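Report on the structure
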Amino acid sequence: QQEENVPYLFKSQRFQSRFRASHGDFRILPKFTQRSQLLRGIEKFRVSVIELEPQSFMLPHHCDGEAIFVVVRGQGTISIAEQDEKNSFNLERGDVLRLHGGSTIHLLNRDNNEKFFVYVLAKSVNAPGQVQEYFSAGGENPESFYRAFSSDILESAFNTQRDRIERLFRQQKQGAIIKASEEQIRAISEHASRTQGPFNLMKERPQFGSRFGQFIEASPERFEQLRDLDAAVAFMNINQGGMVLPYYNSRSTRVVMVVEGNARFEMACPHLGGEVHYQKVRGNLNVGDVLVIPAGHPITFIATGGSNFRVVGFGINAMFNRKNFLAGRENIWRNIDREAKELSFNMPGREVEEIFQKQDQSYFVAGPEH
Ligand SMILES: [Cu+2]
Ligand code: NA
(Lines give C-alpha, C1' and ligand atoms only; values in the text may rest on other atoms or scores of the structure.)
(Ligands and ions follow the chains in the order given, each with its own letter.)
Protein backbone atom coordinates (compact mmCIF):
# COMPACT_ATOMS: atom_id res chain seq x y z
CA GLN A 1 0.00 0.00 0.00
CA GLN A 2 2.17 2.97 1.28
CA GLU A 3 5.33 1.27 -0.11
CA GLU A 4 3.78 1.71 -3.64
CA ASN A 5 4.53 5.46 -3.10
CA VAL A 6 8.31 5.04 -2.30
CA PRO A 7 9.69 5.62 -5.77
CA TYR A 8 13.01 3.94 -5.08
CA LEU A 9 11.45 0.60 -4.05
CA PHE A 10 10.58 -1.97 -6.74
CA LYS A 11 8.86 -4.98 -5.29
CA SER A 12 9.59 -8.38 -6.86
CA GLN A 13 6.09 -8.56 -8.37
CA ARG A 14 6.96 -5.59 -10.59
CA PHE A 15 9.34 -7.72 -12.61
CA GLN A 16 7.48 -8.71 -15.83
CA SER A 17 8.03 -12.07 -17.59
CA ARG A 18 9.07 -11.56 -21.19
CA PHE A 19 7.74 -14.97 -22.24
CA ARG A 20 5.90 -18.00 -20.92
CA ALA A 21 8.44 -20.75 -20.50
CA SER A 22 8.01 -24.17 -18.97
CA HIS A 23 11.52 -24.60 -17.62
CA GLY A 24 12.34 -21.20 -16.22
CA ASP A 25 11.68 -17.52 -16.55
CA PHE A 26 13.15 -14.24 -17.72
CA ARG A 27 11.63 -11.23 -16.01
CA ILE A 28 12.57 -7.62 -16.31
CA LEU A 29 11.79 -4.59 -14.19
CA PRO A 30 10.14 -1.67 -15.99
CA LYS A 31 12.19 1.35 -16.96
CA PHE A 32 13.22 3.15 -13.80
CA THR A 33 11.43 6.30 -14.95
CA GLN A 34 8.07 4.43 -15.18
CA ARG A 35 6.70 6.09 -12.01
CA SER A 36 9.26 8.79 -11.17
CA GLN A 37 11.52 11.26 -12.92
CA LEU A 38 13.82 11.09 -9.86
CA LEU A 39 15.37 8.06 -11.59
CA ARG A 40 16.09 9.83 -14.93
CA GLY A 41 19.82 9.60 -14.15
CA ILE A 42 19.67 5.82 -14.65
CA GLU A 43 17.06 5.72 -17.45
CA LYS A 44 19.27 3.68 -19.79
CA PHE A 45 19.66 0.80 -17.35
CA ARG A 46 17.41 -2.20 -16.77
CA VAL A 47 17.59 -5.03 -14.29
CA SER A 48 16.26 -8.52 -14.80
CA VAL A 49 16.36 -12.06 -13.48
CA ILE A 50 16.94 -15.30 -15.41
CA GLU A 51 15.85 -18.53 -13.70
CA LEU A 52 16.53 -21.98 -15.15
CA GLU A 53 15.00 -25.09 -13.61
CA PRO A 54 17.21 -28.15 -13.28
CA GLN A 55 18.07 -29.91 -16.60
CA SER A 56 16.96 -26.95 -18.71
CA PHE A 57 18.11 -25.04 -21.81
CA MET A 58 17.45 -21.41 -22.84
CA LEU A 59 17.34 -21.06 -26.62
CA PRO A 60 19.87 -18.97 -28.61
CA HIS A 61 19.15 -15.25 -28.67
CA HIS A 62 20.88 -11.89 -28.47
CA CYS A 63 19.99 -8.62 -26.82
CA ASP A 64 20.49 -5.02 -27.86
CA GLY A 65 21.89 -4.08 -24.45
CA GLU A 66 25.33 -4.37 -22.95
CA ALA A 67 24.96 -6.65 -19.93
CA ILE A 68 26.53 -7.84 -16.73
CA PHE A 69 25.41 -11.28 -15.51
CA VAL A 70 25.82 -12.17 -11.83
CA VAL A 71 25.13 -15.71 -10.69
CA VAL A 72 23.08 -15.63 -7.46
CA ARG A 73 22.30 -19.36 -7.11
CA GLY A 74 23.28 -22.62 -8.68
CA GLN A 75 25.42 -23.51 -11.64
CA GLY A 76 24.90 -23.05 -15.38
CA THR A 77 26.78 -23.05 -18.62
CA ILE A 78 26.74 -19.99 -20.89
CA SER A 79 27.63 -20.44 -24.53
CA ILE A 80 28.46 -17.31 -26.56
CA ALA A 81 28.47 -17.38 -30.38
CA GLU A 82 30.03 -14.46 -32.21
CA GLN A 83 30.67 -14.20 -35.95
CA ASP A 84 34.23 -15.44 -35.57
CA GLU A 85 34.56 -16.98 -32.07
CA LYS A 86 32.90 -19.36 -29.63
CA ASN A 87 33.18 -19.18 -25.87
CA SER A 88 31.58 -21.32 -23.22
CA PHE A 89 31.84 -20.91 -19.48
CA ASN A 90 30.64 -23.06 -16.59
CA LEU A 91 29.32 -20.46 -14.18
CA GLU A 92 28.94 -20.80 -10.43
CA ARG A 93 27.58 -18.72 -7.57
CA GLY A 94 29.25 -15.34 -7.35
CA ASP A 95 30.53 -15.31 -10.92
CA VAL A 96 30.37 -12.00 -12.75
CA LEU A 97 30.39 -11.93 -16.57
CA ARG A 98 30.35 -8.92 -18.89
CA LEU A 99 28.40 -9.82 -22.03
CA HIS A 100 28.78 -7.57 -25.03
CA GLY A 101 25.60 -6.38 -26.66
CA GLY A 102 24.63 -8.49 -29.62
CA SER A 103 26.29 -11.63 -28.41
CA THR A 104 24.19 -14.71 -29.24
CA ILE A 105 23.92 -16.75 -26.10
CA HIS A 106 22.35 -19.93 -24.85
CA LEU A 107 22.18 -21.22 -21.28
CA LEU A 108 22.16 -24.69 -19.78
CA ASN A 109 21.43 -25.80 -16.24
CA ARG A 110 22.98 -29.29 -16.05
CA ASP A 111 22.12 -29.87 -12.40
CA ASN A 112 19.49 -32.44 -11.50
CA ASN A 113 18.09 -30.55 -8.51
CA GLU A 114 19.25 -26.94 -8.02
CA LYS A 115 17.81 -23.95 -9.91
CA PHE A 116 20.23 -21.54 -11.67
CA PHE A 117 19.49 -17.88 -10.94
CA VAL A 118 21.19 -14.87 -12.60
CA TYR A 119 20.75 -11.17 -11.77
CA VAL A 120 21.35 -9.03 -14.86
CA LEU A 121 22.13 -5.37 -15.46
CA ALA A 122 21.69 -4.15 -19.05
CA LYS A 123 22.26 -0.79 -20.64
CA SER A 124 20.41 0.31 -23.77
CA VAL A 125 22.06 1.33 -27.01
CA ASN A 126 18.83 2.09 -28.91
CA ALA A 127 16.03 4.16 -27.36
CA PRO A 128 16.94 4.97 -23.73
CA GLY A 129 16.14 2.10 -21.43
CA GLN A 130 14.72 -0.12 -24.21
CA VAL A 131 16.36 -3.56 -24.19
CA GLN A 132 14.88 -6.28 -26.38
CA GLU A 133 15.58 -9.97 -27.01
CA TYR A 134 16.12 -11.32 -30.50
CA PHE A 135 15.47 -15.06 -30.83
CA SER A 136 17.49 -16.54 -33.65
CA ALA A 137 16.50 -19.98 -32.40
CA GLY A 138 12.81 -20.66 -32.19
CA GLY A 139 10.01 -21.05 -34.62
CA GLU A 140 6.38 -20.63 -33.75
CA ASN A 141 7.17 -20.34 -30.02
CA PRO A 142 9.32 -18.47 -29.22
CA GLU A 143 8.93 -16.64 -32.53
CA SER A 144 12.20 -16.73 -34.43
CA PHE A 145 13.14 -13.46 -36.09
CA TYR A 146 13.92 -15.46 -39.23
CA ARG A 147 10.14 -15.58 -39.79
CA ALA A 148 10.23 -11.84 -40.47
CA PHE A 149 11.94 -12.52 -43.79
CA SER A 150 10.13 -13.36 -47.00
CA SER A 151 10.29 -16.93 -48.18
CA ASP A 152 12.20 -16.00 -51.34
CA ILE A 153 14.82 -14.17 -49.32
CA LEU A 154 15.20 -17.16 -46.93
CA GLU A 155 15.48 -19.52 -49.93
CA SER A 156 18.21 -17.41 -51.53
CA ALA A 157 20.02 -16.76 -48.28
CA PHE A 158 20.08 -20.41 -47.20
CA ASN A 159 20.35 -21.86 -50.74
CA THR A 160 17.52 -24.22 -49.58
CA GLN A 161 14.11 -24.78 -51.18
CA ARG A 162 11.55 -22.39 -49.64
CA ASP A 163 9.20 -25.01 -48.27
CA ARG A 164 12.07 -26.78 -46.45
CA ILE A 165 13.53 -23.63 -44.89
CA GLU A 166 10.04 -22.35 -43.92
CA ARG A 167 9.37 -25.76 -42.29
CA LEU A 168 12.60 -25.45 -40.23
CA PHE A 169 11.32 -22.23 -38.74
CA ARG A 170 7.90 -23.74 -37.79
CA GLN A 171 9.03 -26.80 -35.82
CA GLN A 172 9.77 -25.20 -32.43
CA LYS A 173 6.65 -24.71 -30.36
CA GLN A 174 7.85 -25.47 -26.81
CA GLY A 175 9.01 -21.96 -25.80
CA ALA A 176 12.22 -20.22 -24.82
CA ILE A 177 13.41 -22.38 -21.89
CA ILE A 178 12.89 -26.10 -22.32
CA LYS A 179 14.02 -29.50 -21.10
CA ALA A 180 17.52 -30.76 -21.95
CA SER A 181 18.68 -34.44 -21.91
CA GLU A 182 21.67 -35.67 -19.92
CA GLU A 183 23.49 -36.30 -23.22
CA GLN A 184 22.63 -32.86 -24.62
CA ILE A 185 23.86 -31.28 -21.41
CA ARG A 186 27.14 -33.15 -21.70
CA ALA A 187 27.63 -32.17 -25.32
CA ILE A 188 26.78 -28.51 -25.00
CA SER A 189 29.00 -27.87 -21.97
CA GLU A 190 31.85 -30.14 -23.10
CA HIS A 191 34.28 -27.32 -23.93
CA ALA A 192 33.26 -24.90 -21.24
CA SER A 193 35.85 -23.44 -18.89
CA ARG A 194 36.87 -9.54 -26.66
CA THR A 195 34.80 -11.90 -24.51
CA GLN A 196 36.63 -12.84 -21.36
CA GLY A 197 35.53 -15.34 -18.81
CA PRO A 198 33.84 -14.75 -15.50
CA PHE A 199 35.49 -13.48 -12.37
CA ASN A 200 34.55 -14.22 -8.76
CA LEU A 201 35.55 -12.39 -5.57
CA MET A 202 33.77 -14.71 -3.08
CA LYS A 203 37.05 -16.06 -1.60
CA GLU A 204 38.73 -12.65 -1.20
CA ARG A 205 38.95 -10.63 1.99
CA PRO A 206 36.02 -8.19 2.17
CA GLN A 207 36.68 -4.50 1.50
CA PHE A 208 34.68 -3.72 4.70
CA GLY A 209 33.78 -6.36 7.22
CA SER A 210 33.17 -7.25 10.77
CA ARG A 211 31.63 -10.08 12.71
CA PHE A 212 28.20 -8.74 11.65
CA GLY A 213 28.68 -8.46 7.89
CA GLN A 214 30.76 -8.27 4.76
CA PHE A 215 31.03 -5.98 1.72
CA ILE A 216 33.07 -6.66 -1.39
CA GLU A 217 32.91 -5.11 -4.75
CA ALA A 218 34.12 -5.55 -8.26
CA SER A 219 35.01 -1.99 -9.32
CA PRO A 220 35.86 -0.71 -12.78
CA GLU A 221 39.14 0.55 -11.28
CA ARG A 222 40.15 -3.10 -10.92
CA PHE A 223 38.15 -4.90 -13.59
CA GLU A 224 38.66 -3.45 -17.05
CA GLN A 225 35.66 -5.33 -18.44
CA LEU A 226 33.40 -3.10 -16.27
CA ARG A 227 34.90 0.21 -17.48
CA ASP A 228 32.80 0.70 -20.63
CA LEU A 229 29.54 0.58 -18.67
CA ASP A 230 31.22 2.34 -15.72
CA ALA A 231 29.55 -0.22 -13.49
CA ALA A 232 30.36 -2.05 -10.29
CA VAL A 233 29.03 -5.25 -8.79
CA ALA A 234 28.75 -5.23 -5.03
CA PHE A 235 28.00 -8.12 -2.69
CA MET A 236 26.75 -7.27 0.80
CA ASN A 237 25.94 -9.74 3.51
CA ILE A 238 24.52 -8.70 6.88
CA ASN A 239 24.56 -11.49 9.43
CA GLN A 240 21.35 -12.32 11.30
CA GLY A 241 20.77 -9.76 14.00
CA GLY A 242 23.12 -7.31 12.29
CA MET A 243 22.95 -3.97 10.58
CA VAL A 244 25.13 -2.00 8.21
CA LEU A 245 25.99 1.30 9.84
CA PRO A 246 24.50 4.32 8.05
CA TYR A 247 26.58 5.29 5.03
CA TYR A 248 26.35 6.93 1.63
CA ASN A 249 27.95 6.42 -1.79
CA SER A 250 29.79 9.47 -3.04
CA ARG A 251 28.76 9.28 -6.71
CA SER A 252 27.35 5.89 -7.61
CA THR A 253 23.67 5.07 -7.71
CA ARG A 254 23.03 1.48 -6.58
CA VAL A 255 20.42 -0.94 -7.81
CA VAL A 256 20.21 -3.43 -4.96
CA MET A 257 18.45 -6.81 -5.25
CA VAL A 258 17.78 -9.04 -2.36
CA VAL A 259 19.03 -12.62 -2.75
CA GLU A 260 18.55 -13.97 0.84
CA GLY A 261 16.62 -12.88 3.88
CA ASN A 262 14.79 -9.75 4.91
CA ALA A 263 15.69 -6.28 6.05
CA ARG A 264 14.29 -2.96 7.23
CA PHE A 265 15.82 0.01 5.43
CA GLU A 266 15.87 3.71 6.26
CA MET A 267 17.11 6.32 3.79
CA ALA A 268 17.37 10.12 4.08
CA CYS A 269 16.07 11.85 0.93
CA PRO A 270 16.00 15.64 0.45
CA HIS A 271 14.04 15.38 -2.83
CA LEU A 272 10.89 13.89 -1.35
CA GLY A 273 11.51 16.17 1.65
CA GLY A 274 12.47 26.15 1.06
CA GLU A 275 15.37 25.08 3.25
CA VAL A 276 16.32 21.42 3.14
CA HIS A 277 14.34 18.69 4.90
CA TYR A 278 15.23 15.01 4.71
CA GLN A 279 12.26 12.73 4.09
CA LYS A 280 12.27 9.51 6.05
CA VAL A 281 12.18 6.93 3.26
CA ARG A 282 11.56 3.52 4.80
CA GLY A 283 10.47 0.05 4.09
CA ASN A 284 11.06 -3.62 4.17
CA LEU A 285 12.90 -5.68 1.65
CA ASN A 286 12.31 -9.32 0.76
CA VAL A 287 13.91 -11.77 -1.63
CA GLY A 288 13.70 -10.51 -5.25
CA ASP A 289 12.86 -6.92 -4.29
CA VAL A 290 14.92 -4.01 -5.59
CA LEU A 291 15.91 -0.78 -3.91
CA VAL A 292 17.54 2.04 -5.84
CA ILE A 293 19.90 4.05 -3.62
CA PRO A 294 20.63 7.39 -5.32
CA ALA A 295 24.13 8.76 -4.90
CA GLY A 296 24.77 10.84 -1.77
CA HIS A 297 21.75 9.47 0.07
CA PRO A 298 22.37 8.20 3.61
CA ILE A 299 21.09 4.64 4.02
CA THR A 300 21.03 1.80 6.53
CA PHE A 301 19.80 -1.78 6.38
CA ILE A 302 18.85 -3.81 9.45
CA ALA A 303 18.60 -7.60 9.03
CA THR A 304 15.43 -8.93 10.44
CA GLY A 305 16.20 -12.03 12.54
CA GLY A 306 15.87 -15.53 11.16
CA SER A 307 18.38 -15.25 8.33
CA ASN A 308 21.35 -13.36 7.12
CA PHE A 309 20.35 -10.63 4.63
CA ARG A 310 22.26 -10.88 1.35
CA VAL A 311 22.09 -8.50 -1.62
CA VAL A 312 23.76 -7.95 -4.94
CA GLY A 313 24.07 -4.31 -5.95
CA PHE A 314 24.81 -2.92 -9.36
CA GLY A 315 26.62 0.39 -9.21
CA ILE A 316 26.06 2.94 -11.96
CA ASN A 317 28.61 5.82 -12.36
CA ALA A 318 30.96 3.57 -10.39
CA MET A 319 34.47 4.85 -11.15
CA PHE A 320 35.75 7.05 -8.30
CA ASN A 321 32.86 6.04 -6.00
CA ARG A 322 33.66 5.85 -2.32
CA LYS A 323 31.67 4.58 0.65
CA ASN A 324 31.35 7.15 3.43
CA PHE A 325 30.30 5.72 6.78
CA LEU A 326 28.39 7.98 9.13
CA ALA A 327 28.97 6.12 12.45
CA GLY A 328 31.41 3.53 13.74
CA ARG A 329 35.11 3.58 14.53
CA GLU A 330 35.92 4.26 10.86
CA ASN A 331 33.66 7.07 9.69
CA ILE A 332 33.83 10.52 8.14
CA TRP A 333 33.93 12.28 11.51
CA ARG A 334 37.35 10.70 12.15
CA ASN A 335 38.57 13.24 9.57
CA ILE A 336 36.81 16.28 11.05
CA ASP A 337 38.58 18.32 13.74
CA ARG A 338 37.35 18.81 17.27
CA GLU A 339 36.60 22.50 16.89
CA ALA A 340 34.54 21.80 13.74
CA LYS A 341 32.56 19.17 15.69
CA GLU A 342 31.90 21.71 18.44
CA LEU A 343 30.59 24.23 15.89
CA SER A 344 28.61 21.53 14.06
CA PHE A 345 26.51 20.52 17.04
CA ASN A 346 26.68 23.51 19.41
CA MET A 347 28.19 21.39 22.16
CA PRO A 348 31.64 20.96 23.61
CA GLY A 349 33.95 19.30 21.07
CA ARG A 350 35.28 16.75 23.54
CA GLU A 351 31.72 15.70 24.31
CA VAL A 352 30.87 15.25 20.64
CA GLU A 353 34.04 13.19 20.26
CA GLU A 354 33.19 11.06 23.28
CA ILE A 355 29.78 10.24 21.77
CA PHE A 356 31.24 9.50 18.34
CA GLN A 357 33.87 7.14 19.82
CA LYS A 358 31.38 5.04 21.81
CA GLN A 359 30.95 2.71 18.83
CA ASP A 360 34.18 0.68 18.91
CA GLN A 361 33.16 -1.39 15.84
CA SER A 362 33.02 -0.44 12.16
CA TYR A 363 30.85 -1.10 9.14
CA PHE A 364 28.47 -3.71 10.54
CA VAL A 365 27.23 -4.04 14.10
CA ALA A 366 24.44 -5.63 16.12
CA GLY A 367 21.04 -4.27 15.13
CA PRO A 368 18.43 -3.02 17.59
CA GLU A 369 16.79 -5.63 19.89
CA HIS A 370 13.51 -4.76 18.15
CU1 LIG B 1 16.70 12.22 -2.65
NA1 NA C 1 8.09 -20.20 -16.36
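Residues numbered from 1 in each chain as written, not as in the entry; some residues may be left out. Chains lettered and ligands numbered in written order. Heavy atoms only, no water. Residues with missing side-chain atoms left out of burial classes, pairs and counts.

With that out of the way, let us pick up the layout of surface pockets. Looking at the largest pocket, its volume works out to about 380 Å³. As for the largest pocket, its lining consists of 20 residues, of which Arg-93, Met-202, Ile-216, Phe-235 and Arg-310 are closest to the centre. Counting only elements with at least two residues in the lining of the largest pocket, the list comes to β6 (65-73), β15 (213-218), β16 (231-238), β18 (253-260) and β23 (309-316). Residue composition of the lining of the largest pocket, grouped by class: 12 nonpolar, 3 polar and 5 charged. Each of domain 1 (1-193) and domain 2 (194-370) contributes no fewer than three residues to the lining of the largest pocket. Here the second largest pocket is characterised by a volume of approximately 310 Å³. At the level of elements, β15 and β24 (323-325) are the ones that each hand at least two residues to the lining of the second largest pocket. Looking at the lining of the second largest pocket residue by residue, the classes come out as 9 nonpolar, 5 polar and 8 charged. (1 Å grid on protein atoms, 1.4 Å probe; cavity = no way out; pocket = protein on both sides within 12 Å on 5 of 7 lines; lining within 4 Å. Points joined across faces, edges and corners; volume = space filled by probe spheres on them. Helix = DSSP H or I, 4+ residues; strand = E, 2+ residues; numbered from the N terminus. Nonpolar A, V, L, I, M, F, W, Y, C, P; charged D, E, K, R; others polar. Domains from an automatic or database assignment.)

Before going further, it helps to examine the environment of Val-72. Here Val-72 shows up in strand β6. By relative accessible area, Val-72 is classed as buried at 7%. When the C-alpha positions of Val-72 and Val-49 are compared, they lie 9.7 Å apart, and in sequence the two are 23 residues distant. Among residues more than four places away in sequence, those in contact with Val-72 are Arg-93, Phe-117, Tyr-119, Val-259 and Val-312. (Buried < 20%, exposed > 50% of the residue type's maximum accessible area, 1.4 Å probe, protein only. Contact = heavy atoms within 4.5 Å.)

With that settled, consider the packing of aromatic side chains. Counted according to the given criterion, the structure contains 18 aromatic pairs. Consider the rings of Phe-10 and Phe-32, whose centres lie 5.5 Å apart with planes at 85°: the pair is edge-to-face. With a gap of 22 residues between them, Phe-10 in strand β1 (residues 9-10) and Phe-32 in the loop between β3 (24-28) and β4 (45-52) connect regions that are remote in the sequence. Members of the aromatic cluster, each reached through a chain of ring pairs, are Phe-208, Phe-215, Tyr-247, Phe-325 and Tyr-363. Its guanidinium or amino end placed over the ring of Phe-117, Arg-73 lies 5.5 Å from that ring's centre, counting from NZ or CZ. (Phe/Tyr/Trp six-rings, centres within 6.5 Å; stacked < 30°, edge-to-face > 60°. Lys NZ or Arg CZ within 6 Å of the ring centre and 35° of its normal.)

This brings us to the coordination of the sodium ion (ligand 2). Binding of the sodium ion (ligand 2) to the protein goes through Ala-21 (O) and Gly-24 (O), at separations of 2.3 to 2.4 Å. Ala-21 gets classed as buried once you look at its relative accessible area, which sits at 19%. (Donors = N, O, S within 2.8 Å, 3.2 Å for Na, K, Ca; no water.)

A word on the sheet that holds β3. Ordered by their spatial adjacency, 6 strands build an open sheet running β2-β3-β4-β11-β6-β9, and the pairing between neighbours is antiparallel. Unpaired on one side and paired on the other, β2 (16-17) and β9 (96-99) mark the two borders of the sheet. (Pairing = 2+ DSSP bridges.)

This part covers empty space enclosed by the protein. Put simply, the largest cavity is a space of about 220 Å³. Lining of the largest cavity is provided by 25 residues; of these, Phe-26, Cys-63, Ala-67, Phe-69 and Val-120 occupy positions nearest its centre. Put simply, the parts of the chain that give the lining of the largest cavity at least two residues each are β3, β4, β5 (56-63), β6 and β11 (116-124). For the second largest cavity, the calculated volume is near 90 Å³. Every residue lining the second largest cavity is counted, 13 residues in all, and those nearest its centre are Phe-215, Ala-234, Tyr-247, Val-256 and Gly-313.

Taken together, the 7 strands give an open sheet; going across it, the order is β1-β21-β18-β23-β16-β15-β14, and neighbouring strands pair in antiparallel fashion. The outermost strands of the open sheet, each flanked by one partner alone, are β1 and β14 (208-210). In this structure, β15 lies alongside β16, joined through 6 bridges in antiparallel fashion. When the bridges of β16 are listed, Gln-214 appears paired with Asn-237.

All right, on to the nonpolar core then. One finds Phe-32, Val-47, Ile-68, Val-290 and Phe-301 to be the most contacted residues of the largest nonpolar core, which totals 67 residues. The element contributing the most residues to this core is β16, with 6 residues. A domain-level breakdown of this core finds at least three residues from each of domain 1 (1-193) and domain 2 (194-370). Of all hydrophobic cores here, the second largest spans 32 residues; its members include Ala-67, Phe-89, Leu-97 and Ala-180. (Core = buried A, V, L, I, M, F, W, Y, C linked by side-chain atoms within 4.5 Å.)

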